[PDB]
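S.K.: As input, take coords-v3.txt (compact mmCIF, C-alpha atoms and all ligand atoms):
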```txt
# COMPACT_ATOMS: atom_id res chain seq x y z
CA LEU A 267 0.00 0.00 0.00
CA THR A 268 2.55 2.60 1.30
CA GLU A 269 4.92 2.07 -1.81
CA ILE A 270 7.72 1.04 0.66
CA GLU A 271 5.77 -2.19 1.14
CA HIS A 272 5.76 -2.35 -2.71
CA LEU A 273 9.65 -1.97 -2.79
CA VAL A 274 9.84 -4.81 -0.16
CA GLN A 275 7.91 -7.14 -2.60
CA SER A 276 10.08 -5.85 -5.56
CA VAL A 277 13.41 -6.56 -3.67
CA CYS A 278 12.13 -9.96 -2.44
CA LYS A 279 11.07 -10.99 -5.99
CA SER A 280 14.46 -9.90 -7.46
CA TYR A 281 16.28 -11.97 -4.81
CA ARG A 282 13.93 -15.01 -5.20
CA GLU A 283 14.57 -15.02 -9.00
CA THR A 284 18.37 -14.30 -8.83
CA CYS A 285 18.86 -17.08 -6.25
CA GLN A 286 20.83 -20.07 -7.66
CA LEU A 287 19.25 -22.68 -5.32
CA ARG A 288 16.34 -22.58 -2.85
CA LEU A 289 16.78 -22.53 0.94
CA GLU A 290 14.85 -25.84 1.49
CA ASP A 291 16.93 -27.64 -1.21
CA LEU A 292 20.13 -26.42 0.56
CA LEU A 293 18.58 -27.46 3.95
CA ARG A 294 17.58 -31.01 2.89
CA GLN A 295 21.01 -31.72 1.31
CA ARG A 296 22.64 -31.14 4.81
CA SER A 297 22.60 -35.01 5.15
CA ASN A 298 24.32 -35.74 1.72
CA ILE A 299 28.00 -35.03 2.77
CA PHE A 300 31.23 -35.74 0.79
CA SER A 301 33.03 -38.96 1.81
CA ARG A 302 36.81 -38.95 2.60
CA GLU A 303 37.22 -40.79 -0.77
CA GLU A 304 35.75 -37.67 -2.54
CA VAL A 305 37.47 -35.13 -0.16
CA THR A 306 40.84 -36.82 -1.03
CA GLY A 307 39.81 -36.62 -4.70
CA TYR A 308 39.47 -32.82 -4.27
CA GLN A 309 42.66 -32.44 -2.15
CA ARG A 310 44.60 -34.50 -4.79
CA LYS A 311 43.37 -32.18 -7.66
CA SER A 312 45.69 -29.62 -9.27
CA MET A 313 45.69 -26.11 -7.69
CA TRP A 314 44.61 -24.91 -11.15
CA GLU A 315 41.79 -27.45 -11.64
CA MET A 316 40.37 -26.41 -8.26
CA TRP A 317 40.97 -22.73 -9.22
CA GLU A 318 39.06 -23.18 -12.52
CA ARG A 319 36.10 -24.93 -10.72
CA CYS A 320 36.00 -22.25 -7.95
CA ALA A 321 36.50 -19.39 -10.38
CA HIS A 322 33.43 -20.37 -12.42
CA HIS A 323 31.23 -20.97 -9.37
CA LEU A 324 32.27 -17.43 -8.26
CA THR A 325 31.69 -15.76 -11.70
CA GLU A 326 28.27 -17.48 -11.73
CA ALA A 327 27.55 -16.21 -8.20
CA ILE A 328 28.54 -12.58 -9.26
CA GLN A 329 26.35 -12.85 -12.40
CA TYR A 330 23.24 -13.54 -10.24
CA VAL A 331 24.18 -10.54 -8.00
CA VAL A 332 24.58 -8.41 -11.22
CA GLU A 333 21.09 -9.63 -12.27
CA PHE A 334 19.75 -8.87 -8.77
CA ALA A 335 21.20 -5.35 -8.95
CA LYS A 336 19.58 -4.91 -12.48
CA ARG A 337 16.18 -6.02 -11.05
CA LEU A 338 16.44 -3.47 -8.14
CA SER A 339 14.13 -0.49 -8.39
CA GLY A 340 15.90 2.52 -9.93
CA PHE A 341 19.32 0.83 -10.29
CA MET A 342 19.37 1.12 -14.14
CA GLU A 343 18.27 4.82 -13.97
CA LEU A 344 21.73 5.44 -12.45
CA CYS A 345 24.69 6.46 -14.62
CA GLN A 346 27.02 3.64 -15.79
CA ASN A 347 29.90 5.03 -13.62
CA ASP A 348 27.66 4.67 -10.48
CA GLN A 349 26.50 1.16 -11.62
CA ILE A 350 30.28 0.24 -12.00
CA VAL A 351 31.37 1.86 -8.64
CA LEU A 352 28.51 0.10 -6.72
CA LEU A 353 28.94 -3.33 -8.41
CA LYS A 354 32.83 -3.41 -8.28
CA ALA A 355 32.70 -2.67 -4.52
CA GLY A 356 29.68 -4.67 -3.34
CA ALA A 357 28.82 -7.57 -5.68
CA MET A 358 31.34 -9.94 -3.99
CA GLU A 359 30.26 -8.75 -0.48
CA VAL A 360 26.72 -9.89 -1.50
CA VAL A 361 28.17 -13.22 -2.75
CA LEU A 362 29.88 -13.66 0.68
CA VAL A 363 26.63 -13.01 2.57
CA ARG A 364 24.49 -15.18 0.18
CA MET A 365 27.00 -17.95 1.01
CA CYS A 366 25.72 -18.32 4.66
CA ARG A 367 22.60 -20.10 3.17
CA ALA A 368 24.77 -22.97 1.82
CA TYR A 369 26.73 -23.19 5.12
CA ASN A 370 25.96 -25.65 8.00
CA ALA A 371 27.12 -24.44 11.44
CA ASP A 372 26.73 -28.00 13.00
CA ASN A 373 29.36 -29.85 10.89
CA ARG A 374 30.99 -26.51 9.75
CA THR A 375 30.49 -27.52 6.06
CA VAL A 376 29.49 -25.75 2.85
CA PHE A 377 27.38 -27.08 -0.06
CA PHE A 378 29.86 -27.38 -2.98
CA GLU A 379 29.31 -29.26 -6.30
CA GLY A 380 26.29 -31.30 -5.14
CA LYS A 381 27.32 -32.18 -1.54
CA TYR A 382 28.21 -30.52 1.79
CA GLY A 383 31.96 -30.45 2.68
CA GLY A 384 34.57 -28.85 5.00
CA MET A 385 37.26 -26.25 4.20
CA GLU A 386 39.85 -29.15 3.76
CA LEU A 387 38.14 -29.86 0.35
CA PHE A 388 39.97 -26.69 -0.83
CA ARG A 389 43.55 -27.74 0.31
CA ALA A 390 44.83 -27.74 -3.33
CA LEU A 391 44.10 -23.98 -3.59
CA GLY A 392 46.76 -23.23 -0.93
CA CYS A 393 45.02 -20.21 0.63
CA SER A 394 43.91 -21.61 4.00
CA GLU A 395 43.99 -18.27 5.90
CA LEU A 396 41.42 -16.77 3.49
CA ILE A 397 39.19 -19.88 3.20
CA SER A 398 39.01 -20.09 7.02
CA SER A 399 37.96 -16.37 7.24
CA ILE A 400 35.24 -16.99 4.56
CA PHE A 401 34.00 -20.01 6.61
CA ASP A 402 34.30 -17.92 9.82
CA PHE A 403 32.23 -15.07 8.37
CA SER A 404 29.56 -17.56 7.27
CA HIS A 405 29.68 -19.12 10.75
CA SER A 406 28.88 -15.73 12.37
CA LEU A 407 26.11 -14.96 9.79
CA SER A 408 24.68 -18.46 10.47
CA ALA A 409 23.91 -17.42 14.13
CA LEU A 410 21.52 -14.67 12.92
CA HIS A 411 19.28 -17.45 11.43
CA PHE A 412 18.60 -14.91 8.65
CA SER A 413 15.31 -15.36 6.80
CA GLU A 414 15.13 -15.07 2.96
CA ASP A 415 13.57 -11.53 3.07
CA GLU A 416 16.16 -10.49 5.65
CA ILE A 417 19.04 -11.61 3.32
CA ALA A 418 17.23 -9.86 0.36
CA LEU A 419 16.94 -6.41 1.97
CA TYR A 420 20.36 -6.62 3.69
CA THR A 421 22.22 -7.56 0.40
CA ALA A 422 20.26 -4.86 -1.51
CA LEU A 423 21.62 -2.49 1.20
CA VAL A 424 25.19 -3.93 0.89
CA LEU A 425 25.02 -3.03 -2.87
CA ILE A 426 23.26 0.35 -2.52
CA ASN A 427 25.76 2.45 -0.47
CA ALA A 428 26.28 6.17 -1.22
CA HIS A 429 29.54 6.08 0.81
CA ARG A 430 31.45 4.34 -2.09
CA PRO A 431 34.23 6.56 -3.49
CA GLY A 432 33.88 7.54 -7.16
CA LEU A 433 30.11 8.16 -7.36
CA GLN A 434 29.10 10.97 -9.86
CA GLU A 435 25.48 11.22 -8.61
CA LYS A 436 25.95 10.51 -4.83
CA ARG A 437 22.52 12.19 -4.19
CA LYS A 438 20.70 9.79 -6.61
CA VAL A 439 22.28 6.85 -4.67
CA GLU A 440 21.37 8.32 -1.24
CA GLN A 441 17.71 8.45 -2.41
CA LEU A 442 17.88 4.74 -3.29
CA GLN A 443 19.72 3.90 -0.07
CA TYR A 444 17.23 5.66 2.25
CA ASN A 445 14.16 3.93 0.74
CA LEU A 446 15.91 0.56 1.24
CA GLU A 447 16.86 1.50 4.84
CA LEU A 448 13.10 2.28 5.41
CA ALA A 449 12.05 -0.93 3.61
CA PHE A 450 14.40 -3.03 5.86
CA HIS A 451 13.51 -1.19 9.15
CA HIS A 452 9.77 -1.46 8.34
CA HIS A 453 10.03 -5.13 7.46
CA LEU A 454 12.07 -5.93 10.62
CA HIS A 455 9.45 -4.18 12.85
CA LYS A 456 6.49 -5.95 11.06
CA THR A 457 8.18 -9.33 11.87
CA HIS A 458 9.70 -8.49 15.35
CA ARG A 459 13.23 -9.18 14.13
CA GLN A 460 14.95 -5.71 14.70
CA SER A 461 17.09 -7.57 17.32
CA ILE A 462 19.22 -8.68 14.28
CA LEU A 463 20.33 -5.05 13.62
CA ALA A 464 22.78 -5.21 16.58
CA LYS A 465 23.89 -8.73 15.54
CA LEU A 466 24.66 -7.61 11.88
CA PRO A 467 28.39 -7.64 10.96
CA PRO A 468 30.32 -4.30 11.08
CA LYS A 469 30.72 -2.72 7.53
CA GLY A 470 34.55 -2.76 7.81
CA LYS A 471 34.65 -6.56 8.50
CA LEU A 472 32.78 -7.27 5.24
CA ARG A 473 34.92 -4.84 3.17
CA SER A 474 38.18 -6.33 4.65
CA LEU A 475 37.03 -9.95 3.93
CA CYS A 476 36.03 -9.00 0.38
CA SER A 477 39.30 -7.09 -0.41
CA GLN A 478 41.45 -10.03 0.81
CA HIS A 479 39.16 -12.35 -1.26
CA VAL A 480 39.28 -10.26 -4.44
CA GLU A 481 43.09 -9.95 -3.99
CA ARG A 482 43.71 -13.73 -3.97
CA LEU A 483 41.21 -13.91 -6.92
CA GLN A 484 43.13 -11.23 -8.88
CA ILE A 485 46.48 -13.01 -8.07
CA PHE A 486 45.12 -16.39 -9.48
CA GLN A 487 43.65 -14.63 -12.54
CA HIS A 488 47.14 -13.28 -13.28
CA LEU A 489 48.75 -16.81 -13.02
CA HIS A 490 45.93 -19.00 -14.50
CA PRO A 491 43.40 -16.68 -16.31
CA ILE A 492 39.82 -18.11 -16.69
CA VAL A 493 37.44 -16.82 -19.34
CA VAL A 494 33.99 -15.47 -18.52
CA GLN A 495 31.10 -14.33 -20.84
CA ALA A 496 30.43 -10.82 -19.30
CA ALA A 497 26.89 -9.94 -18.06
CA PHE A 498 28.13 -6.38 -17.42
CA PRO A 499 31.08 -5.66 -19.81
CA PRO A 500 32.27 -2.19 -18.40
CA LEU A 501 32.65 -3.98 -14.98
CA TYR A 502 34.50 -6.93 -16.67
CA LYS A 503 36.96 -4.56 -18.43
CA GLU A 504 37.48 -2.82 -15.03
CA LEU A 505 38.08 -5.94 -12.82
CA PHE A 506 39.84 -8.26 -15.34
CA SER A 507 41.99 -5.29 -16.77
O1 LIG A 601 30.06 -9.39 -16.09
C1 LIG A 601 30.36 -10.46 -15.51
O2 LIG A 601 29.80 -11.57 -15.74
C2 LIG A 601 31.54 -10.42 -14.52
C3 LIG A 601 31.60 -11.62 -13.56
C4 LIG A 601 32.84 -11.56 -12.66
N1 LIG A 601 33.03 -10.23 -12.05
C5 LIG A 601 33.81 -10.14 -10.93
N2 LIG A 601 34.78 -10.97 -10.69
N3 LIG A 601 35.37 -10.65 -9.47
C6 LIG A 601 36.42 -11.45 -8.98
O3 LIG A 601 36.93 -11.23 -7.89
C7 LIG A 601 36.89 -12.63 -9.80
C8 LIG A 601 36.07 -13.76 -9.96
CL1 LIG A 601 34.55 -13.84 -9.14
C9 LIG A 601 36.45 -14.82 -10.76
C10 LIG A 601 37.66 -14.77 -11.42
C11 LIG A 601 38.49 -13.67 -11.27
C12 LIG A 601 38.14 -12.59 -10.47
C13 LIG A 601 39.07 -11.39 -10.35
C14 LIG A 601 39.69 -10.74 -11.56
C15 LIG A 601 38.66 -10.01 -10.79
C16 LIG A 601 34.75 -9.56 -8.91
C17 LIG A 601 34.88 -8.89 -7.69
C18 LIG A 601 33.98 -7.86 -7.38
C19 LIG A 601 32.96 -7.51 -8.26
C20 LIG A 601 32.87 -8.19 -9.45
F1 LIG A 601 31.87 -7.85 -10.31
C21 LIG A 601 33.75 -9.20 -9.81
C22 LIG A 601 32.97 -9.09 -12.96
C23 LIG A 601 31.66 -9.11 -13.73
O4 LIG A 601 31.63 -7.98 -14.61
```
Written as C-alpha cells, how would this file's structure read?
Ligand SMILES: O=C(O)[C@@H]1CCN(c2nn(C(=O)c3c(Cl)cccc3C3CC3)c3cccc(F)c23)C[C@H]1O

M.R.:
Amino acid sequence: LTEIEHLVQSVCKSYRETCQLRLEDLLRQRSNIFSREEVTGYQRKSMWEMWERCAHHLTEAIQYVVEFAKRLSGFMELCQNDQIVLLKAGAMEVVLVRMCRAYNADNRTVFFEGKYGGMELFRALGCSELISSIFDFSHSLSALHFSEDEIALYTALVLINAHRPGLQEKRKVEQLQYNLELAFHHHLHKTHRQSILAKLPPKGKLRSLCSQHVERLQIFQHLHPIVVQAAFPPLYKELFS
C-alpha cells in the first residue's frame, strides 16, 4: 500500500529469482556429505583445476548478483559510472553473505558441487587463511538465522551504499539507499526481528574480507586466467583489466 511495502515485494522478488538454489533444497542436502574418498579426490586435484572450478562458481555467483542489482528499483536509472562503482565494490560482499545459506554451522560444512563439505576440500588452492575467514564469516552470519527476506533487503543495502568513493550522482544513490533503509527497518518491525540489527556484521569486516578475497582472486587470474562471458562488460573490463 505505502509504496515502501511495494519496494519490499520488488526486492524480495528480485532476490527469489536471482537465487541459484532454494533454501529448502540447501537445507535437505545437509545429510548428503562428501566422503573422505571424494574429499581426497578434491585435495589430490591440481591447484589450477580447483581454481578453474571455484572461479566459475564465483563468476556465476557474481552474475546472479549483477542480475539482482539490475532487477532493483531505480538501479538502471543510475549512470554507468555509479553502476560500476557500486557493483565493483559490493557484488562480492553480497556473494559472501548469500554464502551463509549454503553453510551448515553443526558440521561446519558448505554445499559445494552437489554435496556438503569442510574447508579441507579446498587444500589444493593453498590459501587456507582466506578460506578459514570466509567459513568464519559464514559461521557468524549463520547465528543470525537470517530469513530469505532479511538476506534480500540486507544484500540490496550492501550493494546500494552512497559512501562508495567515485560516485558521480551521490545524491541519486542516497535516495535509493534511504528507501531501502526504510524498507528493511519497516520489514524488521512488522516481523519483530529488529534484534538482528545489533547482531549484523560491522561494515569494515565485510569490506576487509572481500578485499582479501578479491586480492587472492586477482592473483590467481594473473597466473591461470579463466574466461567469462560478461553480463556487465564495463565492470569486466574494469576488474579483469
Ligand atoms: O560481467 C560479468 O559476468 C563479470 C563476472 C565476474 N566479475 C567479478 N569478478 N570478481 C572477482 O573477484 C573474480 C572472480 Cl569472481 C572470478 C575470477 C576472477 C576474479 C578477479 C579478476 C577479478 C569480482 C569482484 C567484485 C565484483 C565483481 F563484479 C567481480 C565481474 C563481472 O563484470

S.K.: Write as a VMD selection string the residues around ligand LIG 601 (chain A), taking 9 Å as the cut-off and counting all atoms listed in the file.

M.R.: chain A and resid 317 to 318 320 to 332 350 352 to 359 476 to 477 479 to 488 491 to 507

S.K.: Considering all atoms listed in the file, tabulate each residue of region 323-412 of chain A that lies at most 10 Å from region 431-452 of chain A along with its nearest interatomic pair and the corresponding distance in Å to one decimal; arrange the rows by chain and ascending residue number and present them as a tab-separated table.

M.R.:
```
residue	atom	partner	partner_atom	distance
A:338	CA	A:442	CA	9.6
A:339	CA	A:442	CA	8.2
A:340	CA	A:442	CA	7.3
A:341	CA	A:442	CA	8.1
A:343	CA	A:438	CA	9.2
A:344	CA	A:438	CA	7.4
A:345	CA	A:435	CA	7.7
A:346	CA	A:434	CA	9.7
A:347	CA	A:433	CA	7.0
A:348	CA	A:433	CA	5.3
A:349	CA	A:433	CA	9.0
A:350	CA	A:433	CA	9.2
A:351	CA	A:432	CA	6.4
A:352	CA	A:433	CA	8.2
A:355	CA	A:431	CA	9.4
```

S.K.: Next, dump the selected residues to file, keeping only C-alpha atoms, as a compact mmCIF listing (two decimals), in the coordinates of the input.

M.R.:
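Below you can see again22.txt, which holds the result:
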```txt
# COMPACT_ATOMS: atom_id res chain seq x y z
CA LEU A 338 16.44 -3.47 -8.14
CA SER A 339 14.13 -0.49 -8.39
CA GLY A 340 15.90 2.52 -9.93
CA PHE A 341 19.32 0.83 -10.29
CA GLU A 343 18.27 4.82 -13.97
CA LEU A 344 21.73 5.44 -12.45
CA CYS A 345 24.69 6.46 -14.62
CA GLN A 346 27.02 3.64 -15.79
CA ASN A 347 29.90 5.03 -13.62
CA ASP A 348 27.66 4.67 -10.48
CA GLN A 349 26.50 1.16 -11.62
CA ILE A 350 30.28 0.24 -12.00
CA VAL A 351 31.37 1.86 -8.64
CA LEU A 352 28.51 0.10 -6.72
CA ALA A 355 32.70 -2.67 -4.52
```

S.K.: From the set A:388, A:420, A:377, A:403, which residue has the shortest atom-to-atom contact distance to residue 299 (chain A), counting only C-alpha atoms?

M.R.: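 Smallest separation from residue 299 (chain A) among the options: A:377.
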
S.K.: Please identify all polymer residues within 9 Å of residue 293 (chain A), counting all atoms listed in the file, omitting same-chain residues fewer than 6 positions from it, and present them as JSON, numbers by chain.

M.R.: {"A": [367, 368, 370]}

S.K.: Rounded to one decimal in Å, what is the spacing between CA of residue 471 (chain A) and CA of residue 284 (chain A)?

M.R.: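 We find that CA of residue 471 (chain A) and CA of residue 284 (chain A) lie 25.0 Å from each other.
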
S.K.: Applying 12 Å and all atoms listed in the file, which residues near residue 288 (chain A) remain after dropping the ones on its own chain fewer than 5 positions away? List them as an NGL selection string.

M.R.: :A and (281-283 or 293-295 or 364 or 367-368 or 414)

S.K.: Tell me which of A:473, A:319, A:279, A:272 sits closest to residue 430 (chain A), counting all atoms listed in the file.

M.R.: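 Of A:473, A:319, A:279, A:272, the one nearest residue 430 (chain A), counting all atoms listed in the file, is A:473.
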
S.K.: With a distance cut-off of 10 Å and all atoms listed in the file, select the neighbouring residues of residue 301 (chain A), excluding the residue or stretch itself and same-chain residues fewer than 3 positions from it, and output the selection as a list in words.

M.R.: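 What passes the distance filter is residues 298, 304, 305, 306, 307, 381, 382 and 383 of chain A.
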
S.K.: Go through A:335, A:407, A:274, A:464 and flag the residue nearest residue 425 (chain A), using only C-alpha atoms for the distances.

M.R.: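 Among A:335, A:407, A:274, A:464, it is A:335 that comes nearest to residue 425 (chain A).
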
S.K.: For the atom pair CA of residue 309 (chain A) and CA of residue 391 (chain A), what is the interatomic distance in Å to one decimal place?

M.R.: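 Here the two named atoms are 8.7 Å from each other.
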
S.K.: In terms of the shortest atom-to-atom distance over all atoms listed in the file, which of A:429, A:310, A:490, A:465 is closest to residue 408 (chain A)?

M.R.: A:465

S.K.: Taking all atoms listed in the file into account, produce a table as JSON lines in which each residue of region 334-453 of chain A with an atom at most 10 Å from an atom of region 457-463 of chain A appears once, together with its shortest atom pair and the distance in Å to one decimal, ordered by chain and rising number.

M.R.:
```
{"residue": "A:409", "atom": "CA", "partner": "A:462", "partner_atom": "CA", "distance": 9.9}
{"residue": "A:410", "atom": "CA", "partner": "A:462", "partner_atom": "CA", "distance": 6.6}
{"residue": "A:411", "atom": "CA", "partner": "A:462", "partner_atom": "CA", "distance": 9.2}
{"residue": "A:412", "atom": "CA", "partner": "A:462", "partner_atom": "CA", "distance": 8.4}
{"residue": "A:413", "atom": "CA", "partner": "A:459", "partner_atom": "CA", "distance": 9.8}
{"residue": "A:416", "atom": "CA", "partner": "A:459", "partner_atom": "CA", "distance": 9.1}
{"residue": "A:450", "atom": "CA", "partner": "A:460", "partner_atom": "CA", "distance": 9.3}
{"residue": "A:451", "atom": "CA", "partner": "A:460", "partner_atom": "CA", "distance": 7.3}
{"residue": "A:452", "atom": "CA", "partner": "A:457", "partner_atom": "CA", "distance": 8.8}
{"residue": "A:453", "atom": "CA", "partner": "A:457", "partner_atom": "CA", "distance": 6.4}
```

S.K.: Would you mind completing region 371-392 of chain A so that it carries N, CA, C and O atoms, and writing it out as a PDB file, in the coordinates of the input?

M.R.:
```
ATOM      1  N   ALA A 371      26.351 -24.728  10.220  1.00  0.00           N
ATOM      2  CA  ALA A 371      27.120 -24.440  11.440  1.00  0.00           C
ATOM      3  C   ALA A 371      27.362 -25.653  12.369  1.00  0.00           C
ATOM      4  O   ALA A 371      28.244 -25.565  13.238  1.00  0.00           O
ATOM      5  N   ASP A 372      26.600 -26.778  12.189  1.00  0.00           N
ATOM      6  CA  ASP A 372      26.730 -28.000  13.000  1.00  0.00           C
ATOM      7  C   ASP A 372      28.059 -28.681  12.666  1.00  0.00           C
ATOM      8  O   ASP A 372      28.970 -28.718  13.497  1.00  0.00           O
ATOM      9  N   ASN A 373      28.176 -29.176  11.421  1.00  0.00           N
ATOM     10  CA  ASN A 373      29.360 -29.850  10.890  1.00  0.00           C
ATOM     11  C   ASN A 373      30.392 -28.874  10.316  1.00  0.00           C
ATOM     12  O   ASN A 373      31.444 -29.327   9.875  1.00  0.00           O
ATOM     13  N   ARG A 374      30.106 -27.550  10.309  1.00  0.00           N
ATOM     14  CA  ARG A 374      30.990 -26.510   9.750  1.00  0.00           C
ATOM     15  C   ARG A 374      31.354 -26.817   8.259  1.00  0.00           C
ATOM     16  O   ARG A 374      32.516 -26.704   7.837  1.00  0.00           O
ATOM     17  N   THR A 375      30.333 -27.209   7.477  1.00  0.00           N
ATOM     18  CA  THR A 375      30.490 -27.520   6.060  1.00  0.00           C
ATOM     19  C   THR A 375      29.758 -26.547   5.149  1.00  0.00           C
ATOM     20  O   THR A 375      28.900 -25.787   5.588  1.00  0.00           O
ATOM     21  N   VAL A 376      30.101 -26.586   3.869  1.00  0.00           N
ATOM     22  CA  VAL A 376      29.490 -25.750   2.850  1.00  0.00           C
ATOM     23  C   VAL A 376      29.061 -26.648   1.671  1.00  0.00           C
ATOM     24  O   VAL A 376      29.742 -27.623   1.350  1.00  0.00           O
ATOM     25  N   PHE A 377      27.918 -26.336   1.060  1.00  0.00           N
ATOM     26  CA  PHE A 377      27.380 -27.080  -0.060  1.00  0.00           C
ATOM     27  C   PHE A 377      28.112 -26.685  -1.348  1.00  0.00           C
ATOM     28  O   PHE A 377      27.870 -25.620  -1.912  1.00  0.00           O
ATOM     29  N   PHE A 378      29.024 -27.558  -1.789  1.00  0.00           N
ATOM     30  CA  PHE A 378      29.860 -27.380  -2.980  1.00  0.00           C
ATOM     31  C   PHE A 378      29.698 -28.553  -3.937  1.00  0.00           C
ATOM     32  O   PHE A 378      29.819 -29.698  -3.514  1.00  0.00           O
ATOM     33  N   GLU A 379      29.447 -28.265  -5.231  1.00  0.00           N
ATOM     34  CA  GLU A 379      29.310 -29.260  -6.300  1.00  0.00           C
ATOM     35  C   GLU A 379      28.458 -30.502  -5.922  1.00  0.00           C
ATOM     36  O   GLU A 379      28.920 -31.649  -6.018  1.00  0.00           O
ATOM     37  N   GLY A 380      27.230 -30.246  -5.478  1.00  0.00           N
ATOM     38  CA  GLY A 380      26.290 -31.300  -5.140  1.00  0.00           C
ATOM     39  C   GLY A 380      26.255 -31.852  -3.731  1.00  0.00           C
ATOM     40  O   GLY A 380      25.260 -32.493  -3.376  1.00  0.00           O
ATOM     41  N   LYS A 381      27.308 -31.657  -2.920  1.00  0.00           N
ATOM     42  CA  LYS A 381      27.320 -32.180  -1.540  1.00  0.00           C
ATOM     43  C   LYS A 381      27.929 -31.182  -0.537  1.00  0.00           C
ATOM     44  O   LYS A 381      28.655 -30.280  -0.919  1.00  0.00           O
ATOM     45  N   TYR A 382      27.649 -31.359   0.740  1.00  0.00           N
ATOM     46  CA  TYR A 382      28.210 -30.520   1.790  1.00  0.00           C
ATOM     47  C   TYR A 382      29.631 -31.023   2.106  1.00  0.00           C
ATOM     48  O   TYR A 382      29.849 -32.228   2.122  1.00  0.00           O
ATOM     49  N   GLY A 383      30.574 -30.109   2.350  1.00  0.00           N
ATOM     50  CA  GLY A 383      31.960 -30.450   2.680  1.00  0.00           C
ATOM     51  C   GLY A 383      32.708 -29.364   3.440  1.00  0.00           C
ATOM     52  O   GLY A 383      32.359 -28.186   3.327  1.00  0.00           O
ATOM     53  N   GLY A 384      33.737 -29.759   4.207  1.00  0.00           N
ATOM     54  CA  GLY A 384      34.570 -28.850   5.000  1.00  0.00           C
ATOM     55  C   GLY A 384      35.534 -27.977   4.212  1.00  0.00           C
ATOM     56  O   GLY A 384      35.596 -28.057   2.980  1.00  0.00           O
ATOM     57  N   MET A 385      36.304 -27.123   4.907  1.00  0.00           N
ATOM     58  CA  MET A 385      37.260 -26.250   4.200  1.00  0.00           C
ATOM     59  C   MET A 385      38.453 -27.052   3.614  1.00  0.00           C
ATOM     60  O   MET A 385      39.056 -26.593   2.641  1.00  0.00           O
ATOM     61  N   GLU A 386      38.759 -28.252   4.186  1.00  0.00           N
ATOM     62  CA  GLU A 386      39.850 -29.150   3.760  1.00  0.00           C
ATOM     63  C   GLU A 386      39.770 -29.511   2.265  1.00  0.00           C
ATOM     64  O   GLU A 386      40.802 -29.677   1.614  1.00  0.00           O
ATOM     65  N   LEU A 387      38.536 -29.588   1.736  1.00  0.00           N
ATOM     66  CA  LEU A 387      38.140 -29.860   0.350  1.00  0.00           C
ATOM     67  C   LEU A 387      38.919 -28.945  -0.596  1.00  0.00           C
ATOM     68  O   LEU A 387      39.184 -29.315  -1.739  1.00  0.00           O
ATOM     69  N   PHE A 388      39.290 -27.749  -0.098  1.00  0.00           N
ATOM     70  CA  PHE A 388      39.970 -26.690  -0.830  1.00  0.00           C
ATOM     71  C   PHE A 388      41.489 -26.636  -0.634  1.00  0.00           C
ATOM     72  O   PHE A 388      42.093 -25.654  -1.108  1.00  0.00           O
ATOM     73  N   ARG A 389      42.107 -27.685   0.030  1.00  0.00           N
ATOM     74  CA  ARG A 389      43.550 -27.740   0.310  1.00  0.00           C
ATOM     75  C   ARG A 389      44.412 -27.373  -0.886  1.00  0.00           C
ATOM     76  O   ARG A 389      45.315 -26.547  -0.734  1.00  0.00           O
ATOM     77  N   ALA A 390      44.126 -27.964  -2.063  1.00  0.00           N
ATOM     78  CA  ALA A 390      44.830 -27.740  -3.330  1.00  0.00           C
ATOM     79  C   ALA A 390      44.994 -26.288  -3.687  1.00  0.00           C
ATOM     80  O   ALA A 390      45.969 -25.959  -4.338  1.00  0.00           O
ATOM     81  N   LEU A 391      44.051 -25.417  -3.280  1.00  0.00           N
ATOM     82  CA  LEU A 391      44.100 -23.980  -3.590  1.00  0.00           C
ATOM     83  C   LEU A 391      45.232 -23.230  -2.888  1.00  0.00           C
ATOM     84  O   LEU A 391      45.690 -22.206  -3.396  1.00  0.00           O
ATOM     85  N   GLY A 392      45.666 -23.758  -1.740  1.00  0.00           N
ATOM     86  CA  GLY A 392      46.760 -23.230  -0.930  1.00  0.00           C
ATOM     87  C   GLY A 392      46.567 -21.826  -0.397  1.00  0.00           C
ATOM     88  O   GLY A 392      47.518 -21.035  -0.369  1.00  0.00           O
TER      89      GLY A 392
END
```
